[PDB]
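First comes one chain, alone, set out as structure tokens in the form solved without the DNA.
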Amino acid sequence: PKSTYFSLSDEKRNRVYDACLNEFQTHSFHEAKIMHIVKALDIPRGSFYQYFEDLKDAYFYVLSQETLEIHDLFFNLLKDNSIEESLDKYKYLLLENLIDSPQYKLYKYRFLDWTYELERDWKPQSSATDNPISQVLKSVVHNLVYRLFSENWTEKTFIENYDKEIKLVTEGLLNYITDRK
């Protein structure tokens, strides 16, 4: 946001923030409109810009205030756990953060409706942080999660698929094939 959002009442500022948060719970970035946020607050459109550069600013701020990087979970897990242990724990961490939490809808949009522009501009702060390992992991997990949201999966069909595919990655395609013959 701008300095002009930050020096607001710890009461007044929450009115506008929460106002945004609702739109973003109801719309993907593309579906979301400055109009809705602004009419919700009952304040002229131009006043929106006293706080944000554009809708994207508020989007990324809300996102940064309500959501974490899925893979940060796994990296932190890696401290006290080996790779495999971390992998088997990660699935549950994913379910806890993605499904049962107030940020469900946020994430649903974060994963089903995410374009190049968003991808390109989104950056988060990092106390523990392009190598092939994390590329493969991220792809397979993000795909699984994509299917969790796009197919309204139950925790058990998620854990089932997750188990299969992650097992494949860790044991490797060659193993997985000669195991089943």
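Residue positions are given as counts along the sequence shown, with the first one as 1. We call the rigid core whatever largest set of C-alpha positions still superposes within 1.5 Å between the two forms. Residues that one form lacks are left out of the comparison.
> From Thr129 to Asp130, how many deposited residues does the entry skip: none, 1 to 3, 4 to 9, or 10 or more?
4 to 9 residues are missing.
> Looking at the deposited entry, does 158-166 or 10-18 carry the larger mean Cα B-factor?
The entry gives the higher C-alpha B-factor average to 10-18.
> Taking the recorded C-alpha temperature factors, which stretch has the higher mean, 33-41 or 149-157?
The stretch with the larger mean CA B-factor is 33-41.
> Would you please rank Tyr104 by its C-alpha temperature factor against the other modelled residues of its chain and give the third it falls in: lowest, middle or highest?
Tercile = middle for this residue's CA B-factor.
> By the record's CA B-factor, is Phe74 among the lowest, middle or highest third of residues in the chain?
Its C-alpha B-factor, which the entry lists for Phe74, ranks in the middle third among residues of this chain.
> Considering every modelled residue of the chain and its Cα B-factor in the PDB entry, is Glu85 in the lowest, middle or highest third?
Answer is highest: the recorded C-alpha B-factor places it there.
> Split into thirds by Cα B-factor across the chain's modelled residues, where does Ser134 land: lowest, middle or highest?
Within its chain, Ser134 is a middle-third residue by C-alpha B-factor, going by the deposited values.
> What third of its chain's C-alpha B-factors does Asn143 belong to: lowest, middle or highest?
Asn143: CA B-factor falls in the lowest third of its chain.
Absent from the display: the form deposited with the DNA bound. The rest refers to it.
> Check each of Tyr49, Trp114, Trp122, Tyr146 and return the one that places a heavy atom within 4.5 angstroms of the DNA in the bound PDB entry.
Spelling it out, the residue with a heavy atom inside the cut-off is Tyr49.
> Check each of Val62, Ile70, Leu137, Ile34 and return the one that places a heavy atom within 4.5 angstroms of the DNA in the bound PDB entry.
Contact check passes for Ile34.
> Taking 4.5 angstroms as the heavy atom distance cut-off, pick the stretch from 114-122, 49-57, 137-145, 152-160 that is near the DNA in the bound PDB entry.
Among the candidates, contact is made by 49-57.
> Does the DNA come within 4.5 Å of any heavy atom of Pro132 in the bound PDB entry?
Output for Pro132 is no: heavy atoms all beyond 4.5 Å of the DNA.
> Rigid core aligned, which consecutive-residue runs (three or more long, every Cα at least 2 Å shifted) show up between the shown form and the other one?
Core-superposed, just one run shifting 2 Å or more comes out: 179-181.
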